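A.B. asks: File work_18.txt below, compact mmCIF, C-alpha atoms and all ligand atoms:
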# COMPACT_ATOMS: atom_id res chain seq x y z
CA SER Y 96 -9.63 16.70 4.13
CA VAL Y 97 -6.36 15.51 5.68
CA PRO Y 98 -5.79 12.04 7.19
CA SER Y 99 -4.53 11.96 10.77
CA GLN Y 100 -0.88 11.06 11.34
CA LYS Y 101 -1.09 10.69 15.13
CA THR Y 102 0.76 7.64 16.43
CA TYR Y 103 -1.73 5.38 18.20
CA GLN Y 104 -0.83 1.92 19.49
CA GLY Y 105 -4.42 1.07 20.42
CA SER Y 106 -5.66 -2.00 22.24
CA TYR Y 107 -3.30 -4.38 20.42
CA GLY Y 108 -0.06 -2.44 20.90
CA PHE Y 109 0.40 -1.84 17.17
CA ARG Y 110 3.66 -0.36 15.89
CA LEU Y 111 6.02 -0.65 12.94
CA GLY Y 112 9.58 -1.94 12.78
CA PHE Y 113 12.39 -1.62 10.26
CA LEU Y 114 15.46 -3.63 9.38
CA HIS Y 115 19.00 -2.30 9.93
CA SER Y 116 20.27 -2.17 6.36
CA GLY Y 117 23.13 0.32 6.73
CA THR Y 118 24.15 3.16 4.46
CA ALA Y 119 26.50 1.59 1.90
CA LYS Y 120 26.33 3.12 -1.57
CA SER Y 121 24.72 -0.09 -2.87
CA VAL Y 122 21.83 -0.19 -0.37
CA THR Y 123 18.36 -0.11 -1.94
CA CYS Y 124 16.25 0.61 1.15
CA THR Y 125 17.38 1.96 4.52
CA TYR Y 126 15.55 3.39 7.53
CA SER Y 127 16.76 6.25 9.75
CA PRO Y 128 15.44 6.08 13.33
CA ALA Y 129 16.84 9.54 14.08
CA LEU Y 130 14.81 11.04 11.21
CA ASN Y 131 11.91 8.53 11.29
CA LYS Y 132 12.52 8.37 7.56
CA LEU Y 133 12.78 5.56 5.03
CA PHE Y 134 15.09 6.09 2.04
CA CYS Y 135 14.55 3.80 -0.94
CA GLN Y 136 15.20 3.34 -4.63
CA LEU Y 137 12.41 3.42 -7.20
CA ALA Y 138 10.23 0.28 -7.27
CA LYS Y 139 12.49 -1.65 -4.89
CA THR Y 140 11.35 -3.81 -1.99
CA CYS Y 141 10.75 -1.92 1.26
CA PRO Y 142 10.25 -4.39 4.15
CA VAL Y 143 8.05 -2.93 6.88
CA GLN Y 144 7.49 -4.99 10.02
CA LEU Y 145 4.22 -5.04 11.94
CA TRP Y 146 4.39 -5.66 15.69
CA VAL Y 147 1.52 -6.18 18.14
CA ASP Y 148 1.36 -7.14 21.83
CA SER Y 149 -1.82 -9.19 21.38
CA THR Y 150 -3.65 -10.84 18.52
CA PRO Y 151 -6.24 -8.66 16.73
CA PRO Y 152 -9.54 -10.21 15.59
CA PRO Y 153 -10.05 -12.11 12.32
CA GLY Y 154 -10.76 -9.61 9.56
CA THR Y 155 -8.29 -6.99 10.81
CA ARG Y 156 -6.52 -5.22 7.93
CA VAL Y 157 -3.45 -3.02 7.38
CA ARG Y 158 -3.69 0.05 5.12
CA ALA Y 159 -0.92 2.26 3.70
CA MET Y 160 -1.47 5.79 2.38
CA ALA Y 161 0.87 8.63 1.43
CA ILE Y 162 0.31 12.31 2.24
CA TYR Y 163 2.47 15.37 1.71
CA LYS Y 164 4.37 16.27 4.86
CA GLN Y 165 4.25 20.06 4.42
CA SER Y 166 1.01 21.63 5.64
CA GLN Y 167 0.61 23.81 2.53
CA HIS Y 168 0.48 20.64 0.38
CA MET Y 169 -1.38 18.25 2.70
CA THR Y 170 -4.72 18.56 0.91
CA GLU Y 171 -3.20 17.50 -2.44
CA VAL Y 172 -3.54 13.81 -3.32
CA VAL Y 173 -0.16 12.07 -3.55
CA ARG Y 174 -0.08 10.30 -6.92
CA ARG Y 175 2.35 9.12 -9.55
CA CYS Y 176 3.69 11.77 -11.94
CA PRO Y 177 2.47 12.27 -15.53
CA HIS Y 178 5.26 10.06 -16.87
CA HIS Y 179 5.08 7.15 -14.43
CA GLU Y 180 1.29 6.87 -14.48
CA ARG Y 181 1.64 6.16 -18.24
CA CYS Y 182 4.64 3.84 -18.31
CA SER Y 183 2.63 0.56 -18.34
CA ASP Y 184 4.48 -1.07 -15.44
CA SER Y 185 1.38 -2.44 -13.71
CA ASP Y 186 1.55 -5.64 -11.68
CA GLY Y 187 -1.96 -6.50 -12.89
CA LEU Y 188 -3.57 -5.25 -9.66
CA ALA Y 189 -2.29 -1.81 -8.68
CA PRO Y 190 -3.84 1.06 -10.65
CA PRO Y 191 -1.11 2.88 -12.61
CA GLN Y 192 -1.74 6.12 -10.67
CA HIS Y 193 -0.95 4.65 -7.22
CA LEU Y 194 2.41 5.53 -5.66
CA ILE Y 195 2.42 2.71 -3.06
CA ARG Y 196 2.13 -0.95 -4.06
CA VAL Y 197 2.27 -4.13 -2.01
CA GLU Y 198 4.53 -6.84 -3.45
CA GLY Y 199 3.62 -10.50 -3.57
CA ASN Y 200 0.20 -10.44 -1.90
CA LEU Y 201 -2.74 -11.44 -4.09
CA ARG Y 202 -5.13 -10.28 -1.33
CA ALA Y 203 -3.99 -6.66 -1.61
CA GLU Y 204 -6.79 -4.24 -2.46
CA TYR Y 205 -6.31 -0.78 -3.95
CA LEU Y 206 -8.76 1.97 -3.01
CA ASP Y 207 -9.53 5.22 -4.83
CA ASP Y 208 -11.52 6.98 -2.12
CA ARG Y 209 -14.85 8.12 -3.55
CA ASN Y 210 -14.90 11.27 -1.38
CA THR Y 211 -11.26 12.34 -0.88
CA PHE Y 212 -9.80 10.84 -4.10
CA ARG Y 213 -6.85 9.59 -2.06
CA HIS Y 214 -5.14 6.30 -2.90
CA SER Y 215 -4.37 3.50 -0.50
CA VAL Y 216 -3.47 -0.18 -0.48
CA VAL Y 217 -4.83 -2.56 2.15
CA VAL Y 218 -4.04 -6.19 3.04
CA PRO Y 219 -5.33 -8.65 5.63
CA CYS Y 220 -3.38 -8.59 8.86
CA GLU Y 221 -1.60 -11.94 9.13
CA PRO Y 222 0.06 -13.60 12.14
CA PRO Y 223 3.81 -14.24 12.01
CA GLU Y 224 4.95 -17.49 10.47
CA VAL Y 225 5.94 -20.23 12.90
CA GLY Y 226 9.41 -19.32 14.16
CA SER Y 227 8.99 -15.60 13.43
CA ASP Y 228 8.23 -12.82 15.91
CA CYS Y 229 6.56 -10.33 13.54
CA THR Y 230 4.92 -10.04 10.14
CA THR Y 231 6.46 -8.10 7.26
CA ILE Y 232 4.76 -6.29 4.38
CA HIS Y 233 6.85 -5.57 1.28
CA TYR Y 234 6.01 -2.16 -0.17
CA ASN Y 235 7.17 -0.50 -3.40
CA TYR Y 236 7.22 3.24 -4.14
CA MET Y 237 6.62 3.86 -7.81
CA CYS Y 238 7.89 7.44 -8.35
CA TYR Y 239 10.95 9.37 -7.23
CA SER Y 240 10.48 12.15 -4.71
CA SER Y 241 11.91 14.44 -7.42
CA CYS Y 242 9.47 13.46 -10.22
CA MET Y 243 8.30 16.59 -12.01
CA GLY Y 244 4.54 17.03 -12.11
CA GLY Y 245 4.18 14.55 -9.24
CA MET Y 246 5.85 14.73 -5.85
CA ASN Y 247 8.19 17.36 -7.37
CA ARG Y 248 10.75 17.26 -4.51
CA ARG Y 249 8.05 17.61 -1.80
CA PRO Y 250 8.54 15.21 1.14
CA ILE Y 251 5.84 12.66 1.90
CA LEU Y 252 4.78 10.56 4.86
CA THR Y 253 3.42 7.04 4.73
CA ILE Y 254 0.64 6.39 7.25
CA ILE Y 255 0.06 2.75 8.21
CA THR Y 256 -3.29 2.06 9.87
CA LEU Y 257 -4.50 -1.10 11.55
CA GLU Y 258 -8.24 -1.31 10.84
CA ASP Y 259 -11.17 -3.51 11.77
CA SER Y 260 -13.31 -5.17 9.11
CA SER Y 261 -15.42 -1.97 8.74
CA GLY Y 262 -12.36 0.23 8.30
CA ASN Y 263 -12.50 1.67 11.83
CA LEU Y 264 -9.20 2.69 13.40
CA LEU Y 265 -7.40 0.20 15.66
CA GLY Y 266 -3.85 1.59 15.47
CA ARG Y 267 -1.68 4.01 13.52
CA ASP Y 268 2.01 4.64 12.84
CA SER Y 269 3.86 6.64 10.21
CA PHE Y 270 7.23 7.46 8.68
CA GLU Y 271 8.66 9.94 6.20
CA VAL Y 272 9.78 8.56 2.81
CA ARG Y 273 12.33 9.76 0.29
CA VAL Y 274 12.46 7.82 -2.98
CA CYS Y 275 15.86 8.52 -4.49
CA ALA Y 276 18.73 7.11 -6.52
CA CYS Y 277 21.21 6.71 -3.63
CA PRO Y 278 19.39 6.08 -0.34
CA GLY Y 279 22.56 5.26 1.61
CA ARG Y 280 24.24 8.54 0.73
CA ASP Y 281 21.08 10.57 1.27
CA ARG Y 282 20.47 9.00 4.69
CA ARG Y 283 24.06 9.79 5.68
CA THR Y 284 23.74 13.39 4.46
CA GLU Y 285 20.42 14.04 6.20
CA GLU Y 286 21.59 12.45 9.46
CA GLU Y 287 24.71 14.62 9.35
CA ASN Y 288 22.60 17.73 8.70
CA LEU Y 289 20.44 16.82 11.70
CA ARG Y 290 23.49 16.36 13.94
CA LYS Y 291 24.98 19.68 12.84
CA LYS Y 292 21.68 21.42 13.65
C1 LIG X 1 0.49 -7.60 13.36
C2 LIG X 1 1.06 -8.98 13.04
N1 LIG X 1 1.04 -9.85 14.20
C3 LIG X 1 2.03 -9.99 15.18
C4 LIG X 1 3.27 -9.35 15.33
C5 LIG X 1 4.08 -9.66 16.44
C6 LIG X 1 3.67 -10.63 17.39
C7 LIG X 1 4.55 -10.97 18.58
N2 LIG X 1 5.50 -12.04 18.23
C8 LIG X 1 6.41 -12.42 19.34
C9 LIG X 1 2.43 -11.27 17.24
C10 LIG X 1 1.60 -10.96 16.14
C11 LIG X 1 0.32 -11.42 15.72
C12 LIG X 1 -0.60 -12.35 16.22
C13 LIG X 1 -1.81 -12.58 15.54
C14 LIG X 1 -2.13 -11.90 14.35
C15 LIG X 1 -3.41 -12.14 13.66
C16 LIG X 1 -4.38 -13.08 13.93
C17 LIG X 1 -5.50 -12.99 13.06
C18 LIG X 1 -5.40 -11.98 12.15
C19 LIG X 1 -6.41 -11.62 11.10
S1 LIG X 1 -3.89 -11.12 12.34
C20 LIG X 1 -1.21 -10.95 13.85
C21 LIG X 1 0.00 -10.72 14.52
ZN ZN X 2 7.38 9.62 -11.45
As a first step, turn the structure in this file into C-alpha cells.
C.D. replies:
Amino acid sequence: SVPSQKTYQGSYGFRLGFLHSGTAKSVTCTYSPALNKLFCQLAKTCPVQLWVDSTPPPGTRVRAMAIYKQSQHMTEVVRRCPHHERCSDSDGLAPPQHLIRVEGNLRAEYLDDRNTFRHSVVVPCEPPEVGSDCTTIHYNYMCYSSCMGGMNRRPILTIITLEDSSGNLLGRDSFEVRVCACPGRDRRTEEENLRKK
C-alpha cells in the first residue's frame, strides 16, 4: 500500500551521492544535505550518484519511484498533472503519465505496477567508467511540485532501490524533491527556515 523508505545499505554498501552545485539564482538542480532535499527545475538534468563498497552481481538494477511525503497522502499514486500528461513531450520511451524519467539510457524500463498502480523507472546497475569512482544516473522530473491536479504543492520523496534480477531488495536510499522555478533561492530559503527553527 505504501513503499518503504527505510535507508538500507545492504551487502554492497549502497548509497546515493549528489554534486555540490551551489545556490546561485541560475542553478537548475541543487541538493541540500541539511534537508536531504533536491531542488530542481522542470525537466532539467538531475545527476544522482550511486556508490557501493563492493560490486553487485550481473543483472542488478536501480529503480526510482516517487511517493508523497505526508502520511495522509502516501497511498495516492504520484503522477503527472492533467496538463503535463497531455502535453506530448514524450522521449519515445517514458509513458506521458510518469513524473520521473531517466535521460540518455536506452535500457531504461518504465513500470506501471499491476497491483499498486505506482510508476517507476529502472535501469541496469553499471560499474563506473575507467577513471571514475562512481556511476551517475541522470533523472528528470516532469511536473512542478505546484502543478494543480497533480502534486498540488504536496512534497514528494524519491526512493532509489538497488534490486536483484527478480526485483528483490538489495539496498535503498531516498531524498525529498521540490520541482520549482528557482531551486537556488528555494534551497536558501528552506535552509534558513531550518536554521531559524
Ligand atoms: C553502483 C555503481 N557501482 C560503483 C560505485 C562506486 C564504486 C567505488 N569506486 C571507487 C564501485 C562501483 C561498482 C562496481 C561494479 C558495479 C557493477 C558490476 C556489474 C553490474 C551489473 S553493476 C557497479 C558499481
Ligand atoms: Zn504538471
A.B. asks: Throw together the list of residues within 7 Å of ligand LIG 1 (chain X), counting all atoms listed in the file, and drop it here as a list in words.
C.D. replies: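 Taking all atoms listed in the file into account, the residues around ligand LIG 1 (chain X) at most 7 Å away are residues 109, 145, 146, 147, 148, 149, 150, 151, 152, 153, 154, 155, 219, 220, 221, 222, 223, 227, 228, 229 and 230 of chain Y.
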A.B. asks: Can you write out the residues you just picked, keeping C-alpha atoms, as a PDB file, keeping the file's coordinate frame?
C.D. replies:
ATOM      1  CA  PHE Y 109       0.400  -1.840  17.170  1.00  0.00           C
ATOM      2  CA  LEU Y 145       4.220  -5.040  11.940  1.00  0.00           C
ATOM      3  CA  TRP Y 146       4.390  -5.660  15.690  1.00  0.00           C
ATOM      4  CA  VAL Y 147       1.520  -6.180  18.140  1.00  0.00           C
ATOM      5  CA  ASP Y 148       1.360  -7.140  21.830  1.00  0.00           C
ATOM      6  CA  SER Y 149      -1.820  -9.190  21.380  1.00  0.00           C
ATOM      7  CA  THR Y 150      -3.650 -10.840  18.520  1.00  0.00           C
ATOM      8  CA  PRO Y 151      -6.240  -8.660  16.730  1.00  0.00           C
ATOM      9  CA  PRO Y 152      -9.540 -10.210  15.590  1.00  0.00           C
ATOM     10  CA  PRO Y 153     -10.050 -12.110  12.320  1.00  0.00           C
ATOM     11  CA  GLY Y 154     -10.760  -9.610   9.560  1.00  0.00           C
ATOM     12  CA  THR Y 155      -8.290  -6.990  10.810  1.00  0.00           C
ATOM     13  CA  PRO Y 219      -5.330  -8.650   5.630  1.00  0.00           C
ATOM     14  CA  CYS Y 220      -3.380  -8.590   8.860  1.00  0.00           C
ATOM     15  CA  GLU Y 221      -1.600 -11.940   9.130  1.00  0.00           C
ATOM     16  CA  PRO Y 222       0.060 -13.600  12.140  1.00  0.00           C
ATOM     17  CA  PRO Y 223       3.810 -14.240  12.010  1.00  0.00           C
ATOM     18  CA  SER Y 227       8.990 -15.600  13.430  1.00  0.00           C
ATOM     19  CA  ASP Y 228       8.230 -12.820  15.910  1.00  0.00           C
ATOM     20  CA  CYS Y 229       6.560 -10.330  13.540  1.00  0.00           C
ATOM     21  CA  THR Y 230       4.920 -10.040  10.140  1.00  0.00           C
TER      22      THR Y 230
END
A.B. asks: Identify, on the basis of all atoms listed in the file, every residue whose closest approach to residue 131 (chain Y) does not exceed 10 Å; exclude the query and any residue fewer than 2 positions from it along the same chain; express the result as a PyMOL selection string.
C.D. replies: chain Y and resi 126-129+133+252+269-272
A.B. asks: May I have the residues within 9 Å of ligand ZN 2 (chain X), computed using all atoms listed in the file, as a list in words?
C.D. replies: residues 174, 175, 176, 177, 178, 179, 180, 194, 237, 238, 239, 240, 241, 242, 243, 244, 245, 246 and 247 of chain Y
A.B. asks: Quick one, how far is CA of residue 142 (chain Y) from CA of residue 172 (chain Y)?
C.D. replies: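 Atom-to-atom, CA of residue 142 (chain Y) to CA of residue 172 (chain Y), that is 24.0 Å.
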A.B. asks: Restricting the calculation to all atoms listed in the file: of Y:97, Y:169, Y:264, Y:141, which residue gets closest to residue 196 (chain Y)?
C.D. replies: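 Of the candidates, the smallest distance to residue 196 (chain Y) is held by Y:141.
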A.B. asks: Which residues come within 6 Å of residue 140 (chain Y), counting only C-alpha atoms, excluding same-chain residues fewer than 6 positions away, as a PyMOL selection string?
C.D. replies: chain Y and resi 233-235
A.B. asks: Suppose we keep C-alpha atoms; can you now write the selection as an mmCIF file, keeping the file's coordinate frame?
C.D. replies:
data_model
loop_
_atom_site.group_PDB
_atom_site.id
_atom_site.type_symbol
_atom_site.label_atom_id
_atom_site.label_comp_id
_atom_site.auth_asym_id
_atom_site.auth_seq_id
_atom_site.Cartn_x
_atom_site.Cartn_y
_atom_site.Cartn_z
ATOM 1 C CA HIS Y 233 6.850 -5.570 1.280
ATOM 2 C CA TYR Y 234 6.010 -2.160 -0.170
ATOM 3 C CA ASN Y 235 7.170 -0.500 -3.400
#
A.B. asks: Separation of CA of residue 186 (chain Y) and CA of residue 132 (chain Y), in Å?
C.D. replies: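 If I compute the distance from CA of residue 186 (chain Y) to CA of residue 132 (chain Y), I get 26.2 Å.
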A.B. asks: Go ahead and compute the interatomic distance for CA of residue 161 (chain Y) and CA of residue 267 (chain Y), in Å to one decimal.
C.D. replies: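 A separation of 13.2 Å between them.
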A.B. asks: Can you give me N, CA and C atoms for region 99-120 of chain Y, written as a PDB file, in the coordinates of the input?
C.D. replies:
ATOM      1  N   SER Y  99      -5.324  11.802   9.556  1.00  0.00           N
ATOM      2  CA  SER Y  99      -4.530  11.960  10.770  1.00  0.00           C
ATOM      3  C   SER Y  99      -3.222  11.180  10.651  1.00  0.00           C
ATOM      4  N   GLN Y 100      -2.166  11.738  11.241  1.00  0.00           N
ATOM      5  CA  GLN Y 100      -0.880  11.060  11.340  1.00  0.00           C
ATOM      6  C   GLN Y 100      -0.484  10.780  12.787  1.00  0.00           C
ATOM      7  N   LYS Y 101      -1.422  10.869  13.724  1.00  0.00           N
ATOM      8  CA  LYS Y 101      -1.090  10.690  15.130  1.00  0.00           C
ATOM      9  C   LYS Y 101      -0.773   9.226  15.432  1.00  0.00           C
ATOM     10  N   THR Y 102       0.397   8.986  16.019  1.00  0.00           N
ATOM     11  CA  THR Y 102       0.760   7.640  16.430  1.00  0.00           C
ATOM     12  C   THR Y 102      -0.214   7.143  17.491  1.00  0.00           C
ATOM     13  N   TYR Y 103      -0.696   5.915  17.324  1.00  0.00           N
ATOM     14  CA  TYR Y 103      -1.730   5.380  18.200  1.00  0.00           C
ATOM     15  C   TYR Y 103      -1.537   3.867  18.262  1.00  0.00           C
ATOM     16  N   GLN Y 104      -1.055   3.364  19.398  1.00  0.00           N
ATOM     17  CA  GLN Y 104      -0.830   1.920  19.490  1.00  0.00           C
ATOM     18  C   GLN Y 104      -2.136   1.152  19.616  1.00  0.00           C
ATOM     19  N   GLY Y 105      -3.139   1.731  20.270  1.00  0.00           N
ATOM     20  CA  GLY Y 105      -4.420   1.070  20.420  1.00  0.00           C
ATOM     21  C   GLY Y 105      -4.368  -0.154  21.323  1.00  0.00           C
ATOM     22  N   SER Y 106      -5.479  -0.893  21.306  1.00  0.00           N
ATOM     23  CA  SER Y 106      -5.660  -2.000  22.240  1.00  0.00           C
ATOM     24  C   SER Y 106      -4.682  -3.141  21.992  1.00  0.00           C
ATOM     25  N   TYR Y 107      -4.164  -3.267  20.770  1.00  0.00           N
ATOM     26  CA  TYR Y 107      -3.300  -4.380  20.420  1.00  0.00           C
ATOM     27  C   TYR Y 107      -1.821  -4.040  20.451  1.00  0.00           C
ATOM     28  N   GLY Y 108      -1.464  -2.819  20.839  1.00  0.00           N
ATOM     29  CA  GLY Y 108      -0.060  -2.440  20.900  1.00  0.00           C
ATOM     30  C   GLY Y 108       0.604  -2.394  19.543  1.00  0.00           C
ATOM     31  N   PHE Y 109      -0.077  -1.829  18.552  1.00  0.00           N
ATOM     32  CA  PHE Y 109       0.400  -1.840  17.170  1.00  0.00           C
ATOM     33  C   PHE Y 109       1.523  -0.830  16.962  1.00  0.00           C
ATOM     34  N   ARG Y 110       2.600  -1.270  16.310  1.00  0.00           N
ATOM     35  CA  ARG Y 110       3.660  -0.360  15.890  1.00  0.00           C
ATOM     36  C   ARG Y 110       4.467  -1.010  14.776  1.00  0.00           C
ATOM     37  N   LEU Y 111       5.196  -0.175  14.037  1.00  0.00           N
ATOM     38  CA  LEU Y 111       6.020  -0.650  12.940  1.00  0.00           C
ATOM     39  C   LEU Y 111       7.427  -1.016  13.420  1.00  0.00           C
ATOM     40  N   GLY Y 112       8.157  -1.721  12.562  1.00  0.00           N
ATOM     41  CA  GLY Y 112       9.580  -1.940  12.780  1.00  0.00           C
ATOM     42  C   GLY Y 112      10.284  -1.968  11.438  1.00  0.00           C
ATOM     43  N   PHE Y 113      11.586  -1.685  11.474  1.00  0.00           N
ATOM     44  CA  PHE Y 113      12.390  -1.620  10.260  1.00  0.00           C
ATOM     45  C   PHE Y 113      13.680  -2.389  10.456  1.00  0.00           C
ATOM     46  N   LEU Y 114      14.169  -2.970   9.367  1.00  0.00           N
ATOM     47  CA  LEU Y 114      15.460  -3.630   9.380  1.00  0.00           C
ATOM     48  C   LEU Y 114      16.582  -2.611   9.548  1.00  0.00           C
ATOM     49  N   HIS Y 115      17.789  -3.117   9.800  1.00  0.00           N
ATOM     50  CA  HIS Y 115      19.000  -2.300   9.930  1.00  0.00           C
ATOM     51  C   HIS Y 115      19.886  -2.600   8.729  1.00  0.00           C
ATOM     52  N   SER Y 116      19.658  -1.867   7.646  1.00  0.00           N
ATOM     53  CA  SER Y 116      20.270  -2.170   6.360  1.00  0.00           C
ATOM     54  C   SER Y 116      21.558  -1.410   6.098  1.00  0.00           C
ATOM     55  N   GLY Y 117      21.900  -0.423   6.925  1.00  0.00           N
ATOM     56  CA  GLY Y 117      23.130   0.320   6.730  1.00  0.00           C
ATOM     57  C   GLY Y 117      23.007   1.368   5.643  1.00  0.00           C
ATOM     58  N   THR Y 118      24.139   2.020   5.364  1.00  0.00           N
ATOM     59  CA  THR Y 118      24.150   3.160   4.460  1.00  0.00           C
ATOM     60  C   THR Y 118      25.180   3.014   3.342  1.00  0.00           C
ATOM     61  N   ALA Y 119      25.571   1.788   3.005  1.00  0.00           N
ATOM     62  CA  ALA Y 119      26.500   1.590   1.900  1.00  0.00           C
ATOM     63  C   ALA Y 119      25.902   2.128   0.611  1.00  0.00           C
ATOM     64  N   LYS Y 120      26.784   2.522  -0.312  1.00  0.00           N
ATOM     65  CA  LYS Y 120      26.330   3.120  -1.570  1.00  0.00           C
ATOM     66  C   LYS Y 120      25.381   2.202  -2.322  1.00  0.00           C
TER      67      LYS Y 120
END
